[PDB]
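Here is my_file.tsv, consisting of TSV, N, CA and C atoms:
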```tsv
chain	number	residue	atom	x	y	z
U	1	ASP	N	0.86	-1.20	0.00
U	1	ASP	CA	0.00	0.00	0.00
U	1	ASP	C	0.89	1.23	0.00
U	2	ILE	N	1.26	1.69	1.18
U	2	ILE	CA	2.32	2.66	1.30
U	2	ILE	C	3.60	1.90	1.59
U	3	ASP	N	4.12	1.27	0.55
U	3	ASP	CA	5.27	0.40	0.67
U	3	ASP	C	6.50	1.18	1.10
U	4	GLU	N	6.81	1.07	2.39
U	4	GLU	CA	7.95	1.76	2.97
U	4	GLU	C	9.26	1.15	2.48
U	5	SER	N	9.15	0.10	1.68
U	5	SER	CA	10.29	-0.45	0.99
U	5	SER	C	10.94	0.63	0.13
U	6	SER	N	10.11	1.48	-0.47
U	6	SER	CA	10.57	2.55	-1.34
U	6	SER	C	11.40	3.57	-0.57
U	7	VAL	N	10.88	4.04	0.56
U	7	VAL	CA	11.58	5.05	1.35
U	7	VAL	C	12.88	4.50	1.92
U	8	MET	N	12.82	3.27	2.42
U	8	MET	CA	14.00	2.63	2.96
U	8	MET	C	15.07	2.44	1.88
U	9	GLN	N	14.65	2.17	0.65
U	9	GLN	CA	15.60	2.07	-0.45
U	9	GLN	C	16.37	3.38	-0.61
U	10	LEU	N	15.66	4.51	-0.61
U	10	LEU	CA	16.31	5.82	-0.68
U	10	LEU	C	17.24	6.00	0.52
U	11	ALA	N	16.69	5.69	1.68
U	11	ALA	CA	17.37	5.91	2.95
U	11	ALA	C	18.66	5.11	3.06
U	12	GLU	N	18.57	3.82	2.79
U	12	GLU	CA	19.71	2.91	2.93
U	12	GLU	C	20.80	3.17	1.88
U	13	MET	N	20.60	4.16	1.01
U	13	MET	CA	21.61	4.51	0.02
U	13	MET	C	21.90	6.01	0.03
U	14	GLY	N	21.38	6.74	1.01
U	14	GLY	CA	21.58	8.17	1.02
U	14	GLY	C	21.21	8.83	2.33
U	15	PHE	N	19.99	9.32	2.42
U	15	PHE	CA	19.52	10.07	3.58
U	15	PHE	C	18.18	9.52	4.06
U	16	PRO	N	17.82	9.77	5.33
U	16	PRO	CA	16.53	9.34	5.89
U	16	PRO	C	15.38	10.11	5.27
U	17	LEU	N	14.97	9.69	4.09
U	17	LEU	CA	13.99	10.43	3.32
U	17	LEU	C	12.56	10.12	3.78
U	18	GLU	N	12.23	10.54	5.00
U	18	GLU	CA	10.86	10.49	5.50
U	18	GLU	C	9.93	11.26	4.55
U	19	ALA	N	10.53	12.17	3.79
U	19	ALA	CA	9.82	12.86	2.72
U	19	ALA	C	9.29	11.85	1.71
U	20	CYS	N	10.04	10.76	1.53
U	20	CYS	CA	9.64	9.67	0.66
U	20	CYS	C	8.52	8.87	1.30
U	21	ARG	N	8.63	8.69	2.60
U	21	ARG	CA	7.60	8.00	3.38
U	21	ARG	C	6.23	8.60	3.06
U	22	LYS	N	6.12	9.90	3.26
U	22	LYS	CA	4.88	10.62	2.97
U	22	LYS	C	4.66	10.73	1.47
U	23	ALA	N	5.76	10.67	0.70
U	23	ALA	CA	5.68	10.73	-0.75
U	23	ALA	C	5.04	9.48	-1.31
U	24	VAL	N	5.42	8.33	-0.79
U	24	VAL	CA	4.83	7.07	-1.21
U	24	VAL	C	3.32	7.09	-0.94
U	25	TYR	N	2.95	7.59	0.23
U	25	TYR	CA	1.53	7.76	0.55
U	25	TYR	C	0.88	8.80	-0.36
U	26	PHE	N	1.62	9.87	-0.65
U	26	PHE	CA	1.12	10.96	-1.49
U	26	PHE	C	1.01	10.55	-2.96
U	27	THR	N	2.04	9.86	-3.46
U	27	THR	CA	2.08	9.45	-4.85
U	27	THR	C	0.92	8.52	-5.19
U	28	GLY	N	0.44	7.80	-4.18
U	28	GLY	CA	-0.69	6.91	-4.37
U	28	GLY	C	-0.27	5.53	-4.81
U	29	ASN	N	0.84	5.05	-4.25
U	29	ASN	CA	1.41	3.75	-4.61
U	29	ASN	C	1.73	3.73	-6.10
U	30	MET	N	2.82	4.39	-6.47
U	30	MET	CA	3.22	4.45	-7.87
U	30	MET	C	4.53	3.71	-8.09
U	31	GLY	N	5.07	3.16	-7.01
U	31	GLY	CA	6.32	2.45	-7.10
U	31	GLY	C	7.47	3.25	-6.53
U	32	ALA	N	8.55	2.55	-6.17
U	32	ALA	CA	9.73	3.18	-5.58
U	32	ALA	C	10.34	4.20	-6.53
U	33	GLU	N	10.36	3.85	-7.81
U	33	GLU	CA	10.96	4.70	-8.83
U	33	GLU	C	10.29	6.07	-8.86
U	34	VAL	N	8.98	6.09	-8.69
U	34	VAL	CA	8.22	7.34	-8.73
U	34	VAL	C	8.49	8.19	-7.50
U	35	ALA	N	8.57	7.56	-6.33
U	35	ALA	CA	8.84	8.30	-5.11
U	35	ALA	C	10.30	8.73	-5.06
U	36	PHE	N	11.17	7.93	-5.66
U	36	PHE	CA	12.56	8.31	-5.85
U	36	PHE	C	12.61	9.63	-6.63
U	37	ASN	N	11.76	9.72	-7.65
U	37	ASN	CA	11.66	10.91	-8.47
U	37	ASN	C	11.12	12.08	-7.66
U	38	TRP	N	10.16	11.79	-6.78
U	38	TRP	CA	9.58	12.82	-5.93
U	38	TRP	C	10.66	13.44	-5.04
U	39	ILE	N	11.60	12.61	-4.61
U	39	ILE	CA	12.69	13.07	-3.76
U	39	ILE	C	13.74	13.83	-4.55
U	40	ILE	N	14.10	13.34	-5.72
U	40	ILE	CA	15.18	13.95	-6.48
U	40	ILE	C	14.76	15.31	-7.04
U	41	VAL	N	13.45	15.50	-7.19
U	41	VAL	CA	12.94	16.81	-7.55
U	41	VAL	C	12.86	17.72	-6.31
U	42	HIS	N	12.62	17.13	-5.13
U	42	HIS	CA	12.55	17.91	-3.89
U	42	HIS	C	13.88	17.91	-3.14
U	43	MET	N	14.93	17.41	-3.78
U	43	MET	CA	16.27	17.40	-3.18
U	43	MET	C	16.75	18.82	-2.88
U	44	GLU	N	16.16	19.79	-3.57
U	44	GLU	CA	16.50	21.19	-3.40
U	44	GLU	C	16.21	21.66	-1.98
U	45	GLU	N	15.21	21.04	-1.37
U	45	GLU	CA	14.82	21.38	-0.01
U	45	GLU	C	15.89	20.94	0.98
U	46	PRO	N	16.27	21.84	1.89
U	46	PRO	CA	17.32	21.58	2.88
U	46	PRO	C	16.91	20.56	3.94
U	47	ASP	N	15.74	20.76	4.52
U	47	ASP	CA	15.34	20.02	5.72
U	47	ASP	C	14.13	19.12	5.44
U	48	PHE	N	13.94	18.74	4.18
U	48	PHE	CA	12.85	17.83	3.82
U	48	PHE	C	13.15	16.42	4.34
U	49	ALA	N	14.42	16.22	4.64
U	49	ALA	CA	14.92	14.98	5.17
U	49	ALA	C	16.20	15.26	5.93
U	50	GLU	N	16.24	14.80	7.16
U	50	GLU	CA	17.37	14.98	8.08
U	50	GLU	C	18.72	14.80	7.37
U	51	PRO	N	19.43	15.91	7.10
U	51	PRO	CA	20.67	15.89	6.33
U	51	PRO	C	21.91	15.68	7.20
U	52	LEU	N	21.69	15.20	8.41
U	52	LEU	CA	22.76	14.94	9.35
U	52	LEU	C	22.64	13.52	9.89
U	53	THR	N	22.15	12.63	9.04
U	53	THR	CA	21.91	11.26	9.43
U	53	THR	C	22.19	10.33	8.26
U	54	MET	N	23.39	9.76	8.21
U	54	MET	CA	23.74	8.84	7.14
U	54	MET	C	23.35	7.40	7.50
U	55	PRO	N	22.30	6.87	6.85
U	55	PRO	CA	21.82	5.50	7.09
U	55	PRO	C	22.69	4.44	6.41
U	56	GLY	N	23.33	4.80	5.30
U	56	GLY	CA	24.19	3.84	4.64
U	56	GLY	C	24.67	4.30	3.28
U	57	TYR	N	25.76	5.05	3.25
U	57	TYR	CA	26.40	5.43	1.99
U	57	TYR	C	27.73	6.12	2.29
U	58	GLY	N	28.72	5.32	2.66
U	58	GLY	CA	30.02	5.86	2.99
U	58	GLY	C	31.03	5.66	1.87
U	59	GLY	N	31.94	4.71	2.07
U	59	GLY	CA	32.97	4.45	1.07
U	59	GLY	C	34.07	5.50	1.10
U	60	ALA	N	33.74	6.71	0.66
U	60	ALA	CA	34.70	7.80	0.65
U	60	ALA	C	34.90	8.35	2.06
U	61	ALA	N	33.89	8.17	2.90
U	61	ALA	CA	33.95	8.64	4.27
U	61	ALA	C	34.86	7.75	5.10
U	62	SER	N	34.57	6.46	5.09
U	62	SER	CA	35.33	5.50	5.87
U	62	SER	C	36.50	4.93	5.07
U	63	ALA	N	37.68	5.46	5.33
U	63	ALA	CA	38.89	5.00	4.66
U	63	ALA	C	40.06	5.00	5.63
U	64	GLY	N	40.40	6.17	6.15
U	64	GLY	CA	41.49	6.27	7.09
U	64	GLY	C	42.21	7.60	7.00
U	65	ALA	N	43.34	7.71	7.67
U	65	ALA	CA	44.14	8.93	7.66
U	65	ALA	C	45.62	8.59	7.71
U	66	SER	N	46.25	8.55	6.54
U	66	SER	CA	47.65	8.19	6.43
U	66	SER	C	48.56	9.40	6.65
U	67	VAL	N	48.70	9.79	7.90
U	67	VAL	CA	49.52	10.94	8.26
U	67	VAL	C	50.76	10.49	9.04
U	68	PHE	N	50.75	9.26	9.52
U	68	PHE	CA	51.84	8.76	10.35
U	68	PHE	C	52.73	7.79	9.58
U	69	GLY	N	52.50	7.71	8.27
U	69	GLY	CA	53.27	6.81	7.44
U	69	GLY	C	53.03	5.36	7.80
U	70	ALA	N	54.10	4.59	7.90
U	70	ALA	CA	54.00	3.18	8.24
U	70	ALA	C	54.20	2.96	9.74
U	71	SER	N	54.15	4.05	10.50
U	71	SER	CA	54.31	4.02	11.96
U	71	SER	C	55.72	3.58	12.36
U	72	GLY	N	56.54	4.54	12.76
U	72	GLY	CA	57.89	4.23	13.19
U	72	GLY	C	58.76	3.77	12.03
U	73	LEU	N	59.07	4.69	11.14
U	73	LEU	CA	59.79	4.37	9.92
U	73	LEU	C	61.25	4.04	10.22
U	74	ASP	N	61.56	2.74	10.18
U	74	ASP	CA	62.93	2.24	10.36
U	74	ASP	C	63.39	2.42	11.81
U	75	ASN	N	64.43	1.69	12.17
U	75	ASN	CA	64.93	1.69	13.54
U	75	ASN	C	66.39	2.09	13.59
U	76	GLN	N	66.80	2.88	12.62
U	76	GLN	CA	68.17	3.34	12.53
U	76	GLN	C	68.43	4.47	13.53
U	77	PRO	N	69.62	4.46	14.15
U	77	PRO	CA	70.10	5.56	15.01
U	77	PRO	C	69.97	6.93	14.35
U	78	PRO	N	70.13	8.01	15.13
U	78	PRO	CA	69.99	9.37	14.63
U	78	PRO	C	71.02	9.67	13.55
U	79	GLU	N	70.53	9.85	12.32
U	79	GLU	CA	71.39	10.13	11.18
U	79	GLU	C	72.22	11.38	11.43
U	80	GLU	N	71.69	12.28	12.25
U	80	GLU	CA	72.43	13.44	12.68
U	80	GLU	C	73.71	13.01	13.39
U	81	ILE	N	73.55	12.14	14.37
U	81	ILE	CA	74.66	11.71	15.19
U	81	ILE	C	75.56	10.73	14.47
U	82	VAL	N	74.97	9.78	13.75
U	82	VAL	CA	75.78	8.83	13.00
U	82	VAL	C	76.70	9.60	12.07
U	83	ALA	N	76.14	10.67	11.51
U	83	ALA	CA	76.87	11.61	10.67
U	83	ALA	C	78.01	12.24	11.44
U	84	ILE	N	77.71	12.75	12.62
U	84	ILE	CA	78.70	13.39	13.47
U	84	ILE	C	79.82	12.42	13.81
U	85	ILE	N	79.45	11.19	14.11
U	85	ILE	CA	80.41	10.17	14.49
U	85	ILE	C	81.33	9.82	13.33
U	86	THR	N	80.77	9.63	12.15
U	86	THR	CA	81.60	9.36	10.98
U	86	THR	C	82.37	10.62	10.55
U	87	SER	N	81.89	11.79	10.97
U	87	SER	CA	82.63	13.03	10.77
U	87	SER	C	83.77	13.14	11.78
U	88	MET	N	83.66	12.40	12.89
U	88	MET	CA	84.74	12.29	13.86
U	88	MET	C	85.87	11.45	13.29
U	89	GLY	N	85.53	10.63	12.31
U	89	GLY	CA	86.50	9.78	11.65
U	89	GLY	C	86.08	8.33	11.67
U	90	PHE	N	84.96	8.06	12.33
U	90	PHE	CA	84.44	6.71	12.45
U	90	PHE	C	83.57	6.36	11.25
U	91	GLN	N	83.03	5.16	11.25
U	91	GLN	CA	82.14	4.72	10.19
U	91	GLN	C	80.70	5.06	10.55
U	92	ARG	N	79.89	5.48	9.58
U	92	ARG	CA	78.49	5.81	9.83
U	92	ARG	C	77.77	4.61	10.44
U	93	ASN	N	77.89	3.47	9.79
U	93	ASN	CA	77.28	2.24	10.27
U	93	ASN	C	77.84	1.86	11.64
U	94	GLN	N	79.11	2.16	11.84
U	94	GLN	CA	79.76	1.93	13.13
U	94	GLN	C	79.15	2.84	14.17
U	95	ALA	N	78.87	4.07	13.76
U	95	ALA	CA	78.15	5.02	14.58
U	95	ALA	C	76.76	4.49	14.89
U	96	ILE	N	76.11	3.91	13.89
U	96	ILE	CA	74.81	3.28	14.07
U	96	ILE	C	74.90	2.18	15.12
U	97	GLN	N	75.85	1.28	14.94
U	97	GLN	CA	76.07	0.18	15.88
U	97	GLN	C	76.26	0.71	17.29
U	98	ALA	N	77.11	1.72	17.40
U	98	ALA	CA	77.41	2.32	18.68
U	98	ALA	C	76.14	2.90	19.30
U	99	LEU	N	75.44	3.74	18.54
U	99	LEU	CA	74.21	4.36	19.03
U	99	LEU	C	73.15	3.32	19.37
U	100	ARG	N	73.17	2.20	18.65
U	100	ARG	CA	72.27	1.09	18.97
U	100	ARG	C	72.47	0.66	20.41
U	101	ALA	N	73.73	0.48	20.77
U	101	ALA	CA	74.12	0.07	22.11
U	101	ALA	C	73.91	1.19	23.12
U	102	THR	N	74.26	2.41	22.74
U	102	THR	CA	74.21	3.56	23.64
U	102	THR	C	72.81	4.14	23.76
U	103	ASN	N	71.90	3.64	22.93
U	103	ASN	CA	70.53	4.15	22.83
U	103	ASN	C	70.54	5.58	22.30
U	104	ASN	N	71.02	5.69	21.07
U	104	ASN	CA	71.16	6.96	20.34
U	104	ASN	C	71.87	8.04	21.16
U	105	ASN	N	72.74	7.61	22.06
U	105	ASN	CA	73.58	8.54	22.82
U	105	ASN	C	74.87	8.78	22.05
U	106	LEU	N	74.99	10.00	21.54
U	106	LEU	CA	76.11	10.41	20.68
U	106	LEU	C	77.46	10.18	21.34
U	107	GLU	N	77.66	10.85	22.46
U	107	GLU	CA	78.91	10.76	23.21
U	107	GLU	C	79.23	9.32	23.57
U	108	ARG	N	78.24	8.60	24.08
U	108	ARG	CA	78.43	7.22	24.47
U	108	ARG	C	78.71	6.35	23.25
U	109	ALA	N	78.19	6.75	22.10
U	109	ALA	CA	78.44	6.02	20.88
U	109	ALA	C	79.92	6.07	20.56
U	110	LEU	N	80.45	7.29	20.57
U	110	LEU	CA	81.87	7.51	20.38
U	110	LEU	C	82.65	6.80	21.47
U	111	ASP	N	82.10	6.84	22.67
U	111	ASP	CA	82.64	6.10	23.82
U	111	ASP	C	82.76	4.62	23.47
U	112	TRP	N	81.66	4.08	22.97
U	112	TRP	CA	81.55	2.68	22.58
U	112	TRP	C	82.49	2.36	21.43
U	113	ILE	N	82.54	3.27	20.47
U	113	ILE	CA	83.36	3.10	19.28
U	113	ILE	C	84.85	3.22	19.61
U	114	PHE	N	85.19	4.18	20.47
U	114	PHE	CA	86.58	4.49	20.80
U	114	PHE	C	87.31	3.29	21.40
U	115	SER	N	86.57	2.45	22.12
U	115	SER	CA	87.16	1.28	22.75
U	115	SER	C	87.37	0.16	21.73
U	116	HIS	N	87.09	0.48	20.49
U	116	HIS	CA	87.33	-0.43	19.38
U	116	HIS	C	88.24	0.25	18.35
U	117	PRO	N	89.56	0.28	18.63
U	117	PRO	CA	90.56	0.80	17.71
U	117	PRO	C	90.44	0.18	16.32
U	118	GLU	N	90.78	-1.10	16.25
U	118	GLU	CA	90.66	-1.89	15.04
U	118	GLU	C	90.87	-3.36	15.35
U	119	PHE	N	92.04	-3.67	15.91
U	119	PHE	CA	92.36	-5.04	16.29
U	119	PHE	C	92.83	-5.09	17.74
U	120	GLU	N	92.34	-4.12	18.52
U	120	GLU	CA	92.65	-4.02	19.95
U	120	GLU	C	94.15	-3.84	20.18
U	121	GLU	N	94.55	-2.60	20.41
U	121	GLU	CA	95.96	-2.26	20.51
U	121	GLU	C	96.45	-2.32	21.95
U	122	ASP	N	97.76	-2.15	22.10
U	122	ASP	CA	98.41	-2.07	23.40
U	122	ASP	C	99.40	-0.92	23.39
U	123	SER	N	99.27	-0.07	22.37
U	123	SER	CA	100.21	1.01	22.13
U	123	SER	C	99.79	2.27	22.89
U	124	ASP	N	99.18	2.08	24.04
U	124	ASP	CA	98.79	3.18	24.90
U	124	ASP	C	99.98	3.64	25.74
U	125	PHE	N	100.39	2.80	26.69
U	125	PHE	CA	101.56	3.06	27.53
U	125	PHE	C	101.48	4.45	28.16
U	126	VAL	N	100.58	4.60	29.11
U	126	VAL	CA	100.41	5.87	29.80
U	126	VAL	C	101.09	5.81	31.17
```
Could you express the structure from this file as C-alpha coordinates?
Amino acid sequence: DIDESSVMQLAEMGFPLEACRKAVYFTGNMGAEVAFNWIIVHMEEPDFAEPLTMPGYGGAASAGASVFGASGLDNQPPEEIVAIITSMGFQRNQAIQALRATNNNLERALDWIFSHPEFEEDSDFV
(Lines of atoms letter the chains of each structure in order from A and count residues from 1; the text may use other names and numbers.)
(Lines give C-alpha, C1' and ligand atoms only; values in the text may rest on other atoms or scores of the structure.)
Protein backbone atom coordinates (compact mmCIF):
# COMPACT_ATOMS: atom_id res chain seq x y z
CA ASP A 1 0.00 0.00 0.00
CA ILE A 2 2.32 2.66 1.30
CA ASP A 3 5.27 0.40 0.67
CA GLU A 4 7.95 1.76 2.97
CA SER A 5 10.29 -0.45 0.99
CA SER A 6 10.57 2.55 -1.34
CA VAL A 7 11.58 5.05 1.35
CA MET A 8 14.00 2.63 2.96
CA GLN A 9 15.60 2.07 -0.45
CA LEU A 10 16.31 5.82 -0.68
CA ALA A 11 17.37 5.91 2.95
CA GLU A 12 19.71 2.91 2.93
CA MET A 13 21.61 4.51 0.02
CA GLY A 14 21.58 8.17 1.02
CA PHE A 15 19.52 10.07 3.58
CA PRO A 16 16.53 9.34 5.89
CA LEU A 17 13.99 10.43 3.32
CA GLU A 18 10.86 10.49 5.50
CA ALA A 19 9.82 12.86 2.72
CA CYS A 20 9.64 9.67 0.66
CA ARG A 21 7.60 8.00 3.38
CA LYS A 22 4.88 10.62 2.97
CA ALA A 23 5.68 10.73 -0.75
CA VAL A 24 4.83 7.07 -1.21
CA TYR A 25 1.53 7.76 0.55
CA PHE A 26 1.12 10.96 -1.49
CA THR A 27 2.08 9.45 -4.85
CA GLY A 28 -0.69 6.91 -4.37
CA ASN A 29 1.41 3.75 -4.61
CA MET A 30 3.22 4.45 -7.87
CA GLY A 31 6.32 2.45 -7.10
CA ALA A 32 9.73 3.18 -5.58
CA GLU A 33 10.96 4.70 -8.83
CA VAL A 34 8.22 7.34 -8.73
CA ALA A 35 8.84 8.30 -5.11
CA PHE A 36 12.56 8.31 -5.85
CA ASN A 37 11.66 10.91 -8.47
CA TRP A 38 9.58 12.82 -5.93
CA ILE A 39 12.69 13.07 -3.76
CA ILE A 40 15.18 13.95 -6.48
CA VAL A 41 12.94 16.81 -7.55
CA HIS A 42 12.55 17.91 -3.89
CA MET A 43 16.27 17.40 -3.18
CA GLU A 44 16.50 21.19 -3.40
CA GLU A 45 14.82 21.38 -0.01
CA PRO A 46 17.32 21.58 2.88
CA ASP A 47 15.34 20.02 5.72
CA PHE A 48 12.85 17.83 3.82
CA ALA A 49 14.92 14.98 5.17
CA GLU A 50 17.37 14.98 8.08
CA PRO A 51 20.67 15.89 6.33
CA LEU A 52 22.76 14.94 9.35
CA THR A 53 21.91 11.26 9.43
CA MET A 54 23.74 8.84 7.14
CA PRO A 55 21.82 5.50 7.09
CA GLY A 56 24.19 3.84 4.64
CA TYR A 57 26.40 5.43 1.99
CA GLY A 58 30.02 5.86 2.99
CA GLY A 59 32.97 4.45 1.07
CA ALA A 60 34.70 7.80 0.65
CA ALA A 61 33.95 8.64 4.27
CA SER A 62 35.33 5.50 5.87
CA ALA A 63 38.89 5.00 4.66
CA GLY A 64 41.49 6.27 7.09
CA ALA A 65 44.14 8.93 7.66
CA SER A 66 47.65 8.19 6.43
CA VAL A 67 49.52 10.94 8.26
CA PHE A 68 51.84 8.76 10.35
CA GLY A 69 53.27 6.81 7.44
CA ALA A 70 54.00 3.18 8.24
CA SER A 71 54.31 4.02 11.96
CA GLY A 72 57.89 4.23 13.19
CA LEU A 73 59.79 4.37 9.92
CA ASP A 74 62.93 2.24 10.36
CA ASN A 75 64.93 1.69 13.54
CA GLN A 76 68.17 3.34 12.53
CA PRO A 77 70.10 5.56 15.01
CA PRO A 78 69.99 9.37 14.63
CA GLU A 79 71.39 10.13 11.18
CA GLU A 80 72.43 13.44 12.68
CA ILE A 81 74.66 11.71 15.19
CA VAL A 82 75.78 8.83 13.00
CA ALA A 83 76.87 11.61 10.67
CA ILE A 84 78.70 13.39 13.47
CA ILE A 85 80.41 10.17 14.49
CA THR A 86 81.60 9.36 10.98
CA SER A 87 82.63 13.03 10.77
CA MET A 88 84.74 12.29 13.86
CA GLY A 89 86.50 9.78 11.65
CA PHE A 90 84.44 6.71 12.45
CA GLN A 91 82.14 4.72 10.19
CA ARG A 92 78.49 5.81 9.83
CA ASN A 93 77.28 2.24 10.27
CA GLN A 94 79.76 1.93 13.13
CA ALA A 95 78.15 5.02 14.58
CA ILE A 96 74.81 3.28 14.07
CA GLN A 97 76.07 0.18 15.88
CA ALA A 98 77.41 2.32 18.68
CA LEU A 99 74.21 4.36 19.03
CA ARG A 100 72.27 1.09 18.97
CA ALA A 101 74.12 0.07 22.11
CA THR A 102 74.21 3.56 23.64
CA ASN A 103 70.53 4.15 22.83
CA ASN A 104 71.16 6.96 20.34
CA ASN A 105 73.58 8.54 22.82
CA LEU A 106 76.11 10.41 20.68
CA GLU A 107 78.91 10.76 23.21
CA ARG A 108 78.43 7.22 24.47
CA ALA A 109 78.44 6.02 20.88
CA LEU A 110 81.87 7.51 20.38
CA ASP A 111 82.64 6.10 23.82
CA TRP A 112 81.55 2.68 22.58
CA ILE A 113 83.36 3.10 19.28
CA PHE A 114 86.58 4.49 20.80
CA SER A 115 87.16 1.28 22.75
CA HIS A 116 87.33 -0.43 19.38
CA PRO A 117 90.56 0.80 17.71
CA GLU A 118 90.66 -1.89 15.04
CA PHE A 119 92.36 -5.04 16.29
CA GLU A 120 92.65 -4.02 19.95
CA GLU A 121 95.96 -2.26 20.51
CA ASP A 122 98.41 -2.07 23.40
CA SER A 123 100.21 1.01 22.13
CA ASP A 124 98.79 3.18 24.90
CA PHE A 125 101.56 3.06 27.53
CA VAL A 126 100.41 5.87 29.80
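Between atom N of residue 59 of chain U and atom CA of residue 20 of chain U there is a distance of 22.9 Å.
Closest to residue 110 of chain U among U:95, U:2, U:43, U:11 is U:95, based on only N, CA and C atoms.
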Using all atoms listed in the file, give me every residue within 5 Å of (17.7, 7.3, 8.0) in file coordinates, as a ChimeraX atom specification. /U:15-16,55
Could those residues be written to a file, using N, CA and C atoms, as a PDB file, in the frame of the given file?
```
ATOM      1  N   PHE U  15      19.990   9.320   2.420  1.00  0.00           N
ATOM      2  CA  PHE U  15      19.520  10.070   3.580  1.00  0.00           C
ATOM      3  C   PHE U  15      18.180   9.520   4.060  1.00  0.00           C
ATOM      4  N   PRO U  16      17.820   9.770   5.330  1.00  0.00           N
ATOM      5  CA  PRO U  16      16.530   9.340   5.890  1.00  0.00           C
ATOM      6  C   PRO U  16      15.380  10.110   5.270  1.00  0.00           C
ATOM      7  N   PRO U  55      22.300   6.870   6.850  1.00  0.00           N
ATOM      8  CA  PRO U  55      21.820   5.500   7.090  1.00  0.00           C
ATOM      9  C   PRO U  55      22.690   4.440   6.410  1.00  0.00           C
TER      10      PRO U  55
END
```
Looking only at the backbone, which of the residues in segment 24-109 of chain U does DSSP tag as alpha helix (DSSP H), as JSON, numbers by chain? {"U": [24, 25, 26, 27, 32, 33, 34, 35, 36, 37, 38, 39, 40, 41, 79, 80, 81, 82, 83, 84, 85, 86, 87, 88, 92, 93, 94, 95, 96, 97, 98, 99, 100, 101, 102, 106, 107, 108, 109]}
Report the distance between atom N of residue 19 of chain U and atom CA of residue 62 of chain U in Å, rounded to one decimal place. 25.8 Å
Please return the centre and edge lengths, in Å to one decimal, of a box with edges along x, y and z that contains all listed atoms of segment 80-90 of chain U, widened by 5 Å on every side, as lines of an AutoDock Vina configuration file.
```
center_x = 79.1
center_y = 9.9
center_z = 12.9
size_x = 24.8
size_y = 17.1
size_z = 14.6
```
Contacts of residue 14 of chain U within 8 Å, all atoms listed in the file, excl. fewer than 2 positions in-chain, as a PyMOL selection string: chain U and resi 8-12+16-17+53-58
For each of U:33, U:1, U:49, U:77, take the minimum atom-to-atom distance to residue 105 of chain U, counting all atoms listed in the file, then give the residue where this is smallest.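 The shortest atom-to-atom distance to residue 105 of chain U comes from U:77.
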Within 9 Å of residue 82 of chain U, counting only C-alpha atoms, which residues show up once you throw out same-chain ones fewer than 4 positions away? Write them as a ChimeraX atom specification, please. /U:77-78,86-87,90-96,98-99,104,106,109
Between atom CA of residue 100 of chain U and atom CA of residue 118 of chain U, what is the spacing in Å?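 Interatomic distance here is 19.0 Å.
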Missing atoms of segment 32-46 of chain U rebuilt to N, CA, C and O atoms, written as an mmCIF file, in the frame of the given file:
```
data_model
loop_
_atom_site.group_PDB
_atom_site.id
_atom_site.type_symbol
_atom_site.label_atom_id
_atom_site.label_comp_id
_atom_site.auth_asym_id
_atom_site.auth_seq_id
_atom_site.Cartn_x
_atom_site.Cartn_y
_atom_site.Cartn_z
ATOM 1 N N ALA U 32 8.550 2.550 -6.170
ATOM 2 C CA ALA U 32 9.730 3.180 -5.580
ATOM 3 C C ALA U 32 10.340 4.200 -6.530
ATOM 4 O O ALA U 32 10.772 5.266 -6.108
ATOM 5 N N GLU U 33 10.360 3.850 -7.810
ATOM 6 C CA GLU U 33 10.960 4.700 -8.830
ATOM 7 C C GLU U 33 10.290 6.070 -8.860
ATOM 8 O O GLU U 33 10.963 7.096 -9.019
ATOM 9 N N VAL U 34 8.980 6.090 -8.690
ATOM 10 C CA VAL U 34 8.220 7.340 -8.730
ATOM 11 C C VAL U 34 8.490 8.190 -7.500
ATOM 12 O O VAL U 34 8.648 9.408 -7.600
ATOM 13 N N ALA U 35 8.570 7.560 -6.330
ATOM 14 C CA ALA U 35 8.840 8.300 -5.110
ATOM 15 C C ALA U 35 10.300 8.730 -5.060
ATOM 16 O O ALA U 35 10.631 9.774 -4.487
ATOM 17 N N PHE U 36 11.170 7.930 -5.660
ATOM 18 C CA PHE U 36 12.560 8.310 -5.850
ATOM 19 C C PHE U 36 12.610 9.630 -6.630
ATOM 20 O O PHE U 36 13.360 10.542 -6.293
ATOM 21 N N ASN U 37 11.760 9.720 -7.650
ATOM 22 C CA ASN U 37 11.660 10.910 -8.470
ATOM 23 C C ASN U 37 11.120 12.080 -7.660
ATOM 24 O O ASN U 37 11.566 13.219 -7.810
ATOM 25 N N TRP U 38 10.160 11.790 -6.780
ATOM 26 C CA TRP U 38 9.580 12.820 -5.930
ATOM 27 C C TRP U 38 10.660 13.440 -5.040
ATOM 28 O O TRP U 38 10.667 14.651 -4.767
ATOM 29 N N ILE U 39 11.600 12.610 -4.610
ATOM 30 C CA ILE U 39 12.690 13.070 -3.760
ATOM 31 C C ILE U 39 13.740 13.830 -4.550
ATOM 32 O O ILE U 39 14.204 14.878 -4.113
ATOM 33 N N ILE U 40 14.100 13.340 -5.720
ATOM 34 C CA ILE U 40 15.180 13.950 -6.480
ATOM 35 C C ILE U 40 14.760 15.310 -7.040
ATOM 36 O O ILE U 40 15.597 16.158 -7.322
ATOM 37 N N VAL U 41 13.450 15.500 -7.190
ATOM 38 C CA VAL U 41 12.940 16.810 -7.550
ATOM 39 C C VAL U 41 12.860 17.720 -6.310
ATOM 40 O O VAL U 41 13.051 18.930 -6.413
ATOM 41 N N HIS U 42 12.620 17.130 -5.130
ATOM 42 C CA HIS U 42 12.550 17.910 -3.890
ATOM 43 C C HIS U 42 13.880 17.910 -3.140
ATOM 44 O O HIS U 42 13.949 18.351 -1.994
ATOM 45 N N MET U 43 14.930 17.410 -3.780
ATOM 46 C CA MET U 43 16.270 17.400 -3.180
ATOM 47 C C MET U 43 16.750 18.820 -2.880
ATOM 48 O O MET U 43 17.649 19.021 -2.059
ATOM 49 N N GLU U 44 16.160 19.790 -3.570
ATOM 50 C CA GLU U 44 16.500 21.190 -3.400
ATOM 51 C C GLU U 44 16.210 21.660 -1.980
ATOM 52 O O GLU U 44 16.863 22.565 -1.466
ATOM 53 N N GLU U 45 15.210 21.040 -1.370
ATOM 54 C CA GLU U 45 14.820 21.380 -0.010
ATOM 55 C C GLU U 45 15.890 20.940 0.980
ATOM 56 O O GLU U 45 16.389 19.826 0.914
ATOM 57 N N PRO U 46 16.270 21.840 1.890
ATOM 58 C CA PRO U 46 17.320 21.580 2.880
ATOM 59 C C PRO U 46 16.910 20.560 3.940
ATOM 60 O O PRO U 46 17.635 19.605 4.216
#
```
